[PDB]
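Only one chain is shown below, in C-alpha cells, and it's the form deposited in one PDB entry.
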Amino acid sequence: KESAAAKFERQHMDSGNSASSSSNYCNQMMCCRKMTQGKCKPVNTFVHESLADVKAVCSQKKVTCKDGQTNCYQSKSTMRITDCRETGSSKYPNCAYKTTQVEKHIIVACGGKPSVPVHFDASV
C-alpha cells in the first residue's frame, strides 16, 4: 500500500529533469509504455509514421531476421523514428535513456492473420 508521501512524489515531483528539452522523450515514453518495470529495457525504438504505414511494411521488401526466422520485412522508405538507449548512468530502478531521433528504414517481423508487425528487428 502506497504511502501518502510516496504518492505525492509520484504524482507531483519531477526534478529529475524539468518539463524542458526533447532530450527527455525516451525517459518518459519508456516509462509510460511500461518498459522500465523490474528492469530497464536496454534499447527500444519508437516509430512515428501512421499505424497503417508501419503495417504496410509487412507487404514490402522481404529480408531475413537477425534471429534466423524468416518473417521479417524492411520498409520501402525511411520513417521518422526515435532511438532509446539506456545510458551508462542509468541503473534500475532509475532508468536513463538517450533520445536520438533519426529517419531510417525499419525492419520488422510480421505475424498473425492479417499479418501485422509483432516485433521491431532493426532500423537501417
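In case it trips you up, residue 1 is the first one in the sequence shown, and so on. Residues that one form lacks are left out of the comparison. For clarity, a rigid core is taken as the largest C-alpha set superposing within 1.5 Å between two forms.
Trainee: If you average the Cα B factors in the entry, which is higher, 85-93 or 67-75?
Mentor: Of 85-93 and 67-75, the stretch with the higher C-alpha B-factor average is 85-93.
Trainee: Which is higher on average in the deposited entry, the C-alpha temperature factors of 46-54 or of 33-41?
Mentor: Averaged over C-alpha atoms, the B-factors run higher in 33-41.
Trainee: By the recorded C-alpha temperature factor, relative to the other modelled residues in its chain, which third is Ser18 in?
Mentor: Tercile = highest for this residue's CA B-factor.
As for the form deposited in another entry, it is not shown, yet the points below apply to it.
Trainee: After the core is overlaid between the shown form and the other one, has the C-alpha of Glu103 moved by 2 angstroms or more?
Mentor: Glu103 C-alpha, core-superposed: shift of less than 2 Å.
Trainee: If we fit on the core, is the Cα of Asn17 displaced 2 Å or more between the shown form and the other one?
Mentor: After core superposition, the C-alpha of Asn17 moves 2 Å or more between the shown form and the other one.
Trainee: Might you say whether the CA atoms of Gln101 and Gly16 end up closer or farther apart in the other entry than in this form? Their distance differs by 3 Å or more.
Mentor: Compared with the shown chain, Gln101-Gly16 is closer in the other entry.
Trainee: Would one find the Cα atoms of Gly88 and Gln11 closer or farther in the other entry than in this form, where their distance changes by 3 Å or more?
Mentor: Relative to the shown form, the pair is farther apart.
Trainee: Tell me, which consecutive runs of three or more residues change place between the shown form and the other one by 2 Å or more at the CA, with the core overlaid?
Mentor: Core-superposed, just one run shifting 2 Å or more comes out: 1-21.
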